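Here's the structure, in structure tokens; my notes come after.
Residue numbers (the entry's author numbering), protein chains in the order written: chain D, 206 to 462; chain E, 168 to 222; chain B, 250 to 398; chain H, 316 to 367; chain G, 300 to 348; chain F, 344 to 398.
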């Protein structure tokens, strides 16, 4: 019952009608609790509670040892094949396909790959730079050849040379613009192709945040329960003192009267 | 078996040499470009001067 | 290193990439422009002797027209190079961080899940404890009523 | 047995070597490009859009 | 006994897959080959300069 | 055979020591100088830390 209250507090879904069912559950427990106190002796109930408490402590210790063992076994350990298909493994399910848990890569390992990729780009730059220098030299040689053929000293030849240089400049500049646009297209396509991946990361990021909130809510509940249990303990001591005081002050004096 | 282990060691030495050789080649390549850029600043100014044909 | 050191490292990686990629694209554009220039120069080398027979007035008009076209293309090119290109490169540079971030997220999610589970266990224990206390509390309340009768 | 362990260790070191070398070369390349370009242009590359 | 132990140790080293660098799982020999190819490729790109 | 394998082990150790104490120390110093020179250069030009603008 308490767990159900807890899960609800955490899941904020106040379905309208759940209160009738809660009251009933609460009443059911009250009836059961009452029955327990009618059927058995207080001495036996408390004894039972003591035992339940010991069991609960032993369970916690076992869990401590088991989780310590899971942290020290960082992976060298080889998949020992042990055999009988005995346990169903159903547990609360069945589930555990997942353990690809290959050692998630470390920041160091990823960042190393990043720098390796950066070097690939720098290497490509050097290659293209060498190609551009060869082409520039080849173009200069060709322009000089064309200028030598138009050197017949006539005003028309000079103007024809200027017109050539101007047409050539236009073609080169068109070529540069088209190339840059082309490159921009590539960069856009690349960014567009990764846009989905980024959305996914955003979702993950939201999930991480949501999850952080959830952890915080849970943490608050834990703090409440801690306080709650401390208070209950004091109350149990008070309640015990009230019943004893009633017997001493109000019942024990009657036989004399 | 021992021969196979020896082969791995040889390969490791070879890859290590390759990484260090590559590092040296890049150090020379950046020194040569810094010397060439100092020389080439002089030549490029010349050719764009053909725009000054006013009289 | 502090999240801060890692961030710095990532940023460094981006900056190095931006610088290199920008220059690369500039060089790719230069190279492509030279190639087209060379191809054009080679195709029009034989036609230049036949144009020398054209009336002086037509060549002057053409040069002027070409000068105006060149200025327009230059202004478009500079706009692409100085405004559109740097933004796109920067956007692409940020994408370099994707695998690293993903890796971190994965690591965090894994950590959280582990923590949540641990919390659930603690909560469960405390609730069990409360359940026991409340049973006892009810026991005391019930006991006082019978003494009153 | 000692040789086998040393093989794995030695290789991790080689990977670290490769990494630091790649980073070195990338930073040198950055410096070379920055020296050929006017600081104002490069500033536009790195930071233009983030400055008011 | 020694002869057999030595054969096993060497076999395990050649077949064992581990995350050496990045996000990919590989044997020591594979990762070493990859690394070698990468620097061969880098060197070829520098000689064509 | 024991003597030869011992020599192989010594060669691997010498290689690793050479990489760790000689080669990586030199490379890490160059990387640190370059990163500092760069941060100083842009801090002077921008009047603020360059990384704050990218955050």
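We treat Cβ as the ideally placed atom computed from N, Cα and C, and that holds for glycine.
Taking all protein chains shown into account, residue 343 of chain G has fewer than 16 neighbouring C-beta atoms within 10 Å of its C-beta and is therefore exposed. Chain B has a Cβ within less than 8 Å of the Cβ of residue 340 of chain D. In the DSSP assignment, residue 433 of chain D falls within the unbroken alpha helix (DSSP H) covering 360-451. Legend: CB atoms of the segment 300-325 of chain D lying less than 7 Å from CB atoms of chain H belong to residues 317, 320, 321, 323, 324.
Our two residues, residue 442 of chain D and residue 367 of chain B, have alpha carbons roughly 31 Å apart in a direct line. Less than 8 Å divides the Cβ of residue 367 of chain D from the Cβ of residue 312 of chain B. Contact between residue 354 of chain B and residue 444 of chain D does not hold, since their C-beta atoms are separated by about 51 Å, which reaches or exceeds 8 Å.
In this structure, DSSP gives residue 325 of chain G an extended state, which the three-state scheme calls strand. Residue 316 of chain G sits in a strand when the DSSP states are folded into three classes.
Sequence-ordered contacts of the segment 224-249 of chain D with chain B read 235, 238, 239, 241, 242, 247 [C-beta pairs closer than 8 Å]. Counting only runs that start and end inside the segment 279-364 of chain B, the alpha helix (DSSP H) elements of at least 4 residues fall at 305-328, 334-343. If you check the CB distance, residue 335 of chain D and residue 341 of chain G do not come in under 8 Å. One finds 328 in chain H with Cβ atoms closer than 8 Å to the Cβ of residue 363 of chain F, taken in chain order. Under the 8 Å criterion on CB atoms, residue 336 of chain H is classed as non-interfacial with respect to chain B. Nearest to residue 324 of chain D by alpha-carbon distance, out of H:332, H:338, H:328, is H:338. Using a Cβ-Cβ cut-off of 8 Å, residue 316 of chain H does not count as an interface residue toward chain B, since no Cβ of chain B sits closer than that to its own. Under the three-state reduction of DSSP, residue 280 of chain D is assigned to coil, being neither helix nor strand.
Collapsing the DSSP output to three states places residue 299 of chain D in coil. Below the 7 Å Cβ cutoff, chain H contributes 359, 360, 363 as neighbours of residue 335 of chain B, in chain order. Counting only Cβ-Cβ distances below 7 Å, residue 351 of chain F has contacts in chain H at 318, in chain order. In the DSSP annotation of this structure, residue 364 of chain F is not part of any alpha helix (DSSP H), being labelled neither H nor E.
Relative to the Cα of residue 375 of chain F, the nearest Cα in the group H:319, H:325, H:358, H:340 belongs to H:340. Going by C-alpha positions, residue 283 of chain D is about 11 Å away from residue 311 of chain G.
Among the residues of chain H, those whose CB is under 8 Å from the CB of residue 334 of chain G are 329, 330, 333, following chain order. Chain D has no Cβ within less than 8 Å of the Cβ of residue 253 of chain B.
Between residue 321 of chain G and residue 314 of chain D, the beta carbon gap of about 6 Å places them in contact (Cβ cut-off 8 Å). Separation of residue 195 of chain E and residue 390 of chain D (C-alpha to C-alpha, rounded to the nearest whole angstrom) is 35 Å. In the DSSP assignment, residue 398 of chain F falls outside any alpha helix (DSSP H), carrying neither H nor E.
Judged by DSSP in its simplified three-state form, residue 319 of chain D adopts helix. Rounded to the nearest whole angstrom, the CA to CA distance from residue 356 of chain F to residue 366 of chain F is 14 Å.
Interface annotation, residue 328 of chain D: in contact with chain G, CB-CB separation under 8 Å. Three or more Cβ pairs closer than 8 Å define a contact, and the segment 347-357 of chain H falls short of that threshold against the segment 445-460 of chain D.
Look at residue 241 of chain D here: in three-state DSSP terms it is helix. For residue 347 of chain H, at least one C-beta of chain E is nearer than 8 Å to its own C-beta.
For residue 232 of chain D and residue 253 of chain B, the gap between their C-alpha atoms comes out near 56 Å.
In the DSSP assignment, residue 217 of chain D falls outside any alpha helix (DSSP H) and carries neither an H nor an E.
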